[PDB]
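Trainee: Just the starting chains for now, same placement as in the complex:
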Amino acid sequence: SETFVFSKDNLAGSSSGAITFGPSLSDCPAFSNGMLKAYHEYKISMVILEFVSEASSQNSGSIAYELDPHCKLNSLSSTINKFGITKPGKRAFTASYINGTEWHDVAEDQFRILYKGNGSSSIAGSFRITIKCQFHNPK
Amino acid sequence: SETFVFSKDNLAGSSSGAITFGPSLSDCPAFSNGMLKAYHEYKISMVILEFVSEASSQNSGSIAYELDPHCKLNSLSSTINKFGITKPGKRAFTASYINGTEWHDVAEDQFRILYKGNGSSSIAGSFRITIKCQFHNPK
């Protein structure tokens, strides 16, 4: 079970986007263009998403994060789970929450995390994402 | 988790149809318009299909049914399983039969039950369907 730590940096307070975990994970070239390119199956057993708050305390807003376990959404719709952009945050998703108990082909993404902020345009912080993954059937 | 009991009523002896367990299950508003829109993942860990006989004992026929796990059939083909229109029936399908080992997106039908009767056009009975399901990742 390998471990991959990467970071989505300079998330503005109004940043909206998706982080797709699989071959589309350009944010970690050692994963999308690394391990996946030379394997058949992989499952991302655990995800640790931490919001490191670089925002000034004069920035009002929050980043709402939705964990879609099937890559069926291109934009966040659930505004329930969120971190205040002036406060550090941490969320741990286990295997059952992330569609991560059956091996997937290295061509299709396992899931995605969609983030959407409603704050001001200034830099609001960064996402440190630690995925504990497993690999199988070497090429 | 929850246990939803709903009904498909006024089934004539020759009525045919499909019960798609998921977003297409219009029969139970407590599931399709309710819990399916309050969660991301779900699985129907058990199904109990009971046939309550409203039919006259002086009418013939039966209602055959086929459990389509992957929603690949839209009309009945097989007739091995059947409920007599004058004898109430009961059939319990566990998780592995109804594809419910893993989790599904609420925009997807988990499985379906195709039913077709060969009786007359008289009211043959009702289906009481009891789905024991679990939910995940609140929306």
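Mentor: Looks like it arrived, so ask away. Numbers count the residues shown, from 1 in each chain, chains lettered A, B, ... in the order given.

Trainee: what's the spacing between the residue in chain A positioned nearest to chain B and residue A:104?
Mentor: Minimum separation of chain A from chain B (C-beta to the nearest C-beta) falls at residue A:70, amounting to 4.5 Å. To be clear about C-beta, it is placed using only N, CA and C from the backbone, and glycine gets the same treatment. For residue A:70, the distance to residue A:104 (C-beta to C-beta, to the nearest Å) stands at 11 Å.

Trainee: on that earlier part again, so the residue of chain A closest to chain B sits against residue A:110, correct?
Mentor: No: applying C-beta atoms under 8 Å as the test, residue A:70 and residue A:110 come out as separate, 9.0 Å apart.

Trainee: what's the overlap in contacts for the two?
Mentor: residue A:99 (C-beta atoms under 8 Å, 6 or more residues apart in numbering or on different chains).

Trainee: Neighbour count: these two, which is higher?
Mentor: A direct count of neighbours by other C-beta atoms under 10 Å in any protein chain shown for residue A:70 and residue A:110 places residue A:110 higher, at 24 against 18.

Trainee: dump the residue contacts of the more buried one.
Mentor: By C-beta under 8 Å, 6+ apart, the residues touching residue A:110 are A:21-22, A:42-44, A:69, A:98-100, A:104.

Trainee: one more time with 10 Å
Mentor: A:20-23, A:25, A:42-44, A:47, A:69-71, A:98-100, A:102-104, A:131, A:133 (C-beta atoms under 10 Å, 6 or more residues apart in numbering or on different chains).

Trainee: State whether residue A:83 is indeed within a helix.
Mentor: No: the assignment for residue A:83 by DSSP: H, G, I helix; E, B strand; the rest coil gives strand, which leaves it out of any helix.

Trainee: how about the nearest residue to it, chain neighbours excluded?
Mentor: residue A:89 (3.6 Å; C-beta to C-beta, 6 or more residues apart in numbering or on different chains).

Trainee: Let's add chain C too:
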Amino acid sequence: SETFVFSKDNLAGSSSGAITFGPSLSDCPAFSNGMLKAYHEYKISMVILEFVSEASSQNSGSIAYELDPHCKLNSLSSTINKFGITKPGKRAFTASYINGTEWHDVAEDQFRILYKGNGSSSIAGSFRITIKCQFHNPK
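Mentor: Placed with the earlier chains, chain C looks like this:
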């Protein structure tokens, strides 16, 4: 015992209003227009009200919350329980505090939470409300 997570968003620092838990809970259509519409009785066993602070640290004020277990007040009168709008908060009400030990008809609200802020008009945060409920006597 089902669980429902919803959120009252964009609570301005001077926001004053009521969240009524029952058929009048428009903030969770999966509850008011979902489970309740297809059941006879329900009791909300537990409530977890968390104030997520999206307010800038230059916003002075607090949101006072009063838990009325009988829907007898249309506006907050007790200014004792409150969260500072610049600080995250969490309050857990059990069954006895919320009139939640005897089943109620799905037409009458079990209780309500009245919130009233004295801060500035800017966005002060959001309420994340997790109600652990139970349902009975299926329709």
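
Trainee: What about the contacts of residue A:110 again, now that chain C is present?
Mentor: By C-beta under 10 Å, 6+ apart, the contact set of residue A:110 is A:20-23, A:25, A:42-44, A:47, A:69-71, A:98-100, A:102-104, A:131, A:133.

Trainee: In chain A, what residue spans correspond to helices?
Mentor: Secondary structure of chain A (DSSP state H): helices located at A:29-30.

Trainee: what does it put close to chain C?
Mentor: Contact residues (C-beta under 10 Å from any C-beta of the partner chain) of chain A with chain C: A:55-64, A:78-87, A:89, A:118-120.

Trainee: Using ChimeraX, define a selection of the buried residues within those.
Mentor: Buried subset of the residues of chain A next to chain C, written as a ChimeraX selection, criterion 16 or more other C-beta atoms under 10 Å in any protein chain shown:
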select /A:55,59,60,61,62,63,64,78,79,80,81,82,83,84,85,86,87,89,118,119,120
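
Trainee: Return the subset of the residues of chain A next to chain C lying in strands.
Mentor: A:62-64, A:82-84, A:89 (DSSP state E).

Trainee: I'd like those residues laid out as JSON lines, including distance to residue A:126.
Mentor: Below are those laid out as JSON lines (distance: C-beta to C-beta, whole Å):
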{"residue": "A:62", "distance to residue A:126": "15"}
{"residue": "A:63", "distance to residue A:126": "11"}
{"residue": "A:64", "distance to residue A:126": "16"}
{"residue": "A:82", "distance to residue A:126": "16"}
{"residue": "A:83", "distance to residue A:126": "12"}
{"residue": "A:84", "distance to residue A:126": "15"}
{"residue": "A:89", "distance to residue A:126": "12"}
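
Trainee: Name the nearest of those relative to chain C.
Mentor: Closest to chain C, out of all of these and judged by C-beta to the nearest C-beta, is residue A:62, at 4.4 Å.

Trainee: Test of understanding: give the bridge partners of that closest one.
Mentor: residue A:84 (DSSP bridges).

Trainee: List the contacts of it.
Mentor: Residues counted as contacts of residue A:62 (C-beta under 10 Å, 6+ apart) are A:13, A:51, A:79, A:82-87, A:89, A:116-119, A:124, C:9, C:52-55, C:123, C:125-126.

Trainee: one more chain, chain D:
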Amino acid sequence: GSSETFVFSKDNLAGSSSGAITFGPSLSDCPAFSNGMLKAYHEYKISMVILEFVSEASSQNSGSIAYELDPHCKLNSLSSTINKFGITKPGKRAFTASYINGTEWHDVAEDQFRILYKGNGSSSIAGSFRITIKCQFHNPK
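Mentor: Alright, chain D goes in next:
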């Protein structure tokens, strides 16, 4: 208090006639209860109900009687059709305390609950409801 067990019956249930039985001060089908004990006690609770369908119907009658239990008397006609009895086959159904608002004493001027029913058969006789309510009473008058 006083523990009573009243067995009464709503008879001549037409296969298509629909109705409702309100348990409490308006239970005219059991005059020994509505105008009986409730005239001599301040509080009652119907701790248990046993509703049974004894069928007088022939083998050729096709239909059913759907019975809904309204624990607050806020419905006046049938709404759901999940629970049902075959009009040609006797059936039984026991409701405990919680299902029928029977965990808390009610003053005799209020209705505890009701049982609505609707038959989807023909107009011939279908059967009869044998209803056994086990109740308790308090505070004698």
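
Trainee: once more on the contacts of residue A:110, with chain D this time?
Mentor: Counted by C-beta under 10 Å, 6+ apart, residue A:110 has contacts A:20-23, A:25, A:42-44, A:47, A:69-71, A:98-100, A:102-104, A:131, A:133.

Trainee: and what of residue A:56?
Mentor: A:85-86, A:120, A:122-124, C:56-57.

Trainee: Check residue A:15 too.
Mentor: Counted by C-beta under 10 Å, 6+ apart, residue A:15 has contacts A:8, A:63, A:85, A:115-117, A:119, A:121, A:123-125, A:127.

Trainee: returning to that earlier point: out of the contacts of residue A:110, which end up buried?
Mentor: Among the contacts of residue A:110, those scoring as buried are A:20-23, A:25, A:42-44, A:47, A:69-71, A:98-100, A:103-104, A:131, A:133 (criterion: 16+ other C-beta under 10 Å).

Trainee: Tell me which entries of those lie within strands.
Mentor: Cross-referencing the buried ones among the contacts of residue A:110 against strands under DSSP E gives A:20-21, A:42-44, A:47, A:104, A:131, A:133.

Trainee: sorry, back to before: just the buried ones among the contacts of residue A:15, please.
Mentor: Taking 16+ other C-beta under 10 Å as the criterion, what is buried in the contacts of residue A:15 is A:8, A:63, A:85, A:115-117, A:119, A:123-125, A:127.

Trainee: which residues does residue A:132 bridge with?
Mentor: Beta-bridge partners for residue A:132, by DSSP bridges, are residue A:3, residue A:46.

Trainee: so how far is chain C from it?
Mentor: 26 Å (C-beta to the nearest C-beta, to the nearest Å).

Trainee: Is that residue in contact with residue A:45, as I believe?
Mentor: Yes: the pair residue A:132 / residue A:45 is scored as a contact, 5.2 Å apart, by C-beta atoms under 10 Å.

Trainee: who touches both of the two?
Mentor: A:1, A:3, A:94-95, A:100.

Trainee: Name the member of these that has the highest neighbour count.
Mentor: residue A:100 (25 neighbours).
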